[PDB]
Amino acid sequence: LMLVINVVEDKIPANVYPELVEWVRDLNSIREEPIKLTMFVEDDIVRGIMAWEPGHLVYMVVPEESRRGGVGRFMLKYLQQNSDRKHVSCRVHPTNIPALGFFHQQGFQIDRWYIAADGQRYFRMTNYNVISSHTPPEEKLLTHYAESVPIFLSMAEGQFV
């Protein structure tokens, strides 16, 4: 029922959205095929907006009032269905741990890290399924001990102190 509409980038009113027009132009200056800018609309609410191309997510945002409702999951699946082998790459700053949690829940893992030219740090997250996930052995050892060890300690303050 949700409406999926693409933004005609050359018809974006530059007098109203100057910075957005510049950001989109700079993205397309290094590209043969132009980037896509897609909005996901319910009634009179833009539930989410996503800048993307087949196989790569540039940026996406769900406005705060629409979060934790599956909108982000819907946009990423729409991106995969328009992607070769449904494989997608993205970039996330290491401080954006909430976004890391979102992508991780969607089957993505950190497979590259680097420092950009201006000094910023970034992770690449993909769903290529090469990275192995590793659970340390001490987690099981501690869990079994915590559940199984006998404890005979009684102390509550009631009639005595």
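From 1 onward, residues are counted along the sequence shown.
For the two regions 3 to 11 and 150 to 158, the entry's Cα B-factors average higher over 150 to 158. Just going by the entry, 115 to 123 versus 93 to 101 on mean CA temperature factor gives the higher value to 115 to 123. Across 136, 48, 69, 55, the greatest Cα temperature factor reported in the deposited entry is at 136. The PDB entry assigns its highest CA temperature factor, among 30, 39, 61, 110, to 30. In the deposited entry, the Cα temperature factor of residue 129 places it in the middle third of its chain's modelled residues.
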